[PDB]
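Scroll down for the structure; my scribbles are underneath it.
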Number of protein chains: 2
Amino acid sequence: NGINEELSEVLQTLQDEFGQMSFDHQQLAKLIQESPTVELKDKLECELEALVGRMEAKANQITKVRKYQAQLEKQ
Amino acid sequence: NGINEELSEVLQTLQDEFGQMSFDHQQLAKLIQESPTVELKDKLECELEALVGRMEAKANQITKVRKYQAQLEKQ
């Protein structure tokens, strides 16, 4: 329904990805909290930090793409 | 493609909702950090805590519905 639709799909895919990662992040953090042992805690903390960095970068992409799209919606 | 599909759609809708809320949560938290003024900070902190509670409850729903679904996938 337009060329703009391809950009809308990219923004949606980005949000869909951000959501998956945030759910994964909530699951890992709860596991970390509930864990009485050191070895697993420390491995999950490292997966968690990597996820935090990917989520930050994903969110920056969403904001730029939306921002770009709204500025195009003005013209 | 089945009666199970209605349950799959509910789980997807739940994840789609969880993702929206988590993006909203990341945007609010960044605003809070960047804010040099008290009044707005304090209003956003309260929206943020409410979002945290809704996200927790949403995630519990996803885990129970998935858990239920996997236990059904065994039989």
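Virtual Cβ from ideal backbone geometry, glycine too; neighbours counted across all protein chains shown. Read-outs: derived from the displayed coordinates by stated rules, not from any lab.
Between copies, the label points of A:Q33, set 7 Å from Cα on the Cα→Cβ line, lie 2.1 nm apart, reported in increasing order to one decimal in nanometres.
Closest approach of any chain A Cβ to the axis that rotates A onto B belongs to A:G19, 1, distance given in whole Å. For chain A, the longest principal axis of the C-alpha atoms and the axis of helix A:4-34 are separated by about 10°. Here the dipole of chain A is about 340 debye; that uses its Cα centre as origin and unit charges on the Cβ of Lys and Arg (positive) and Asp and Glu (negative). According to the square roots a ≥ b ≥ c of the eigenvalues of the Cα gyration tensor, what is the shape class of the protein assembly as shown, taking rounded for a/c under 1.5, prolate for a/b larger than b/c otherwise, and oblate for the remainder? Verdict is oblate for the protein assembly as shown. Could you pull out the pairs from A:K64/B:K64; A:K43/A:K67; A:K67/B:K58; A:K74/B:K58; A:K43/B:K64; A:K30/A:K67 whose alpha carbons sit more than 30 Å apart here? Violating the 30 Å limit, Cα to Cα: A:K64/B:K64; A:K43/A:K67; A:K74/B:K58; A:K30/A:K67. Rounding to the nearest 10 and keeping the result within 0 to 90°, find how far the Cα-based axis of helix A:38-72 lies from the longest principal axis of chain A. That helix lies at roughly 10 degrees to the long axis. Along the charge dipole of the range B:4-72, which of B:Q15, B:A70, B:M55 sits closest to the positive end, that is, farthest toward it, with unit charges on the beta carbon of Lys, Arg, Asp and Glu (+1, +1, -1, -1)? The residue sitting most towards the positive pole is B:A70. Between copies, A:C46 shows label-point distances of 4.4 nm, shortest first, with the point placed 7 angstrom from Cα along Cα to C-beta. Working from the Cα coordinates of the range B:4-72, the gyration tensor eigenvalues give, after taking √(5λ), semi-axes of 33, 10, 7 Å in decreasing order.
Label-point spacing for A:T63 across the identical copies (point 7 Å from Cα in the Cβ direction), in nm and ascending order: 2.9. With contributions of -39500 (n - 2.57) from each DSSP H run of at least four residues, the per-residue ellipticity at 222 nm computed over chain A stands at -32000 deg cm²/dmol. Cut-off 10 angstrom, C-alpha nodes, Gaussian network model of chain A. Which of A:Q33, A:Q15, A:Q61 fluctuates the most? Looking only at A:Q33, A:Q15, A:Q61, the largest GNM fluctuation is found for A:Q33.
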